[PDB]
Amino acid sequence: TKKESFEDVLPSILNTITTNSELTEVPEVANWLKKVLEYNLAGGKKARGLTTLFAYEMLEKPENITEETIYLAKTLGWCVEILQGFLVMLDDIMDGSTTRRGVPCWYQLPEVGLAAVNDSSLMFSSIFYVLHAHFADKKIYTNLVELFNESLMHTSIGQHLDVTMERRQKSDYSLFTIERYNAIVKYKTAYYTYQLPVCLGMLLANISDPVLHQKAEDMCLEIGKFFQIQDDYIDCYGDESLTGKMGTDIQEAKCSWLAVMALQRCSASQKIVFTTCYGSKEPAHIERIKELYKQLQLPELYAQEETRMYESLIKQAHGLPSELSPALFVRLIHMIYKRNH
């Protein structure tokens, strides 16, 4: 399969990081960074990295694809995976998370703690060594480096919206609106999850036309909103043995799609239960919220909205220029529709 093929190159990417940097001189740090990367990249679906590789393979003329260009698309894909790993190492700290991919979050390890914040910077910085090593002499080099930095700025914009202590003052959830939700997910998720891997595919395929990049970006941003609404649903309703992570959105008072929809439907008395119980680590409080979500029929709303959005994305994908491969986008939509993790 495509996944083992993508994973096959990981040991070689690790060596590239070392050999191309000052890590060559400090084996204590080179060895530590290997541990960091293996732990934080292990398991999961590799969906960002696959999306990059799939995009390239679907967008380039089959006659232009070589073994070297496939290794390059995998490498770009792995740079997205490393970005993700960096993003989630910090997210876990900010979200008060305990587990991810079925083991303790990196920062929760006793040998690590708050020094995770330095491990994140070691990870992020790795990306640029990979990009320089492979692409410094190519015309697309500056586009790649700029794209990765823009992805960091976008994501951190959205993280700010997400975690800001401003978003709620005690019983004031007046900012829990769809306008706020749409901004949060656009920036924190949709850029790095879809726009970045698709654009990397397009660049590698020598597609440069600004109009095609804008159309692809618009499609990506719609798919990423969809993807995050699923993430938010899974936080509450997912089976930990499948997701690998204990959900914290309720305890952390997040402006999740479920919270926004619950406020749409609360009676006056239900809004008081929401405001009393949301944002608390007491187990009776968390359960009261979950009960409320059930009473409000949010599971049924989710199933229907997942389908409506699915049908809308599929139509959008069908209306793209053939140069953007409607089939790529249909297949990306399909791969996530009805996921349970």
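Counting begins at 1, following the sequence as shown.
Modelled in this chain, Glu240 is nonetheless unresolved in at least one third of the other entries of the protein that span it on both sides. For the cut-off of one third of the other compared entries, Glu166 qualifies: that many or more give it no coordinates while modelling its flanks. Judged by mean Cα B factor in the deposited record, 206-214 ranks above the other of 206-214 and 79-87. When the C-alpha B-factors of 138-146 and 162-170 are averaged, 162-170 comes out higher. The residue among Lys74, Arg265, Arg101, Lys254 whose C-alpha atom has the highest B-factor in the PDB entry is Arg101. Residue-level inspection of the entry shows that, of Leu258, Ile234, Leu114, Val130, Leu114 has the top Cα B-factor. For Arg308, the recorded CA B-factor ranks within the lowest third of the chain. Only modelled residues enter the ranking. Among all modelled residues in its chain, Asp95 ranks in the middle third by Cα B-factor. Per the PDB record, residue ranking by Cα B-factor puts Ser280 in the highest third of the chain. Ranked by C-alpha B-factor against the other modelled residues of its chain, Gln297 falls in the lowest third. When the modelled residues of the chain are ordered by their C-alpha B factor, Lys271 lands in the middle third.
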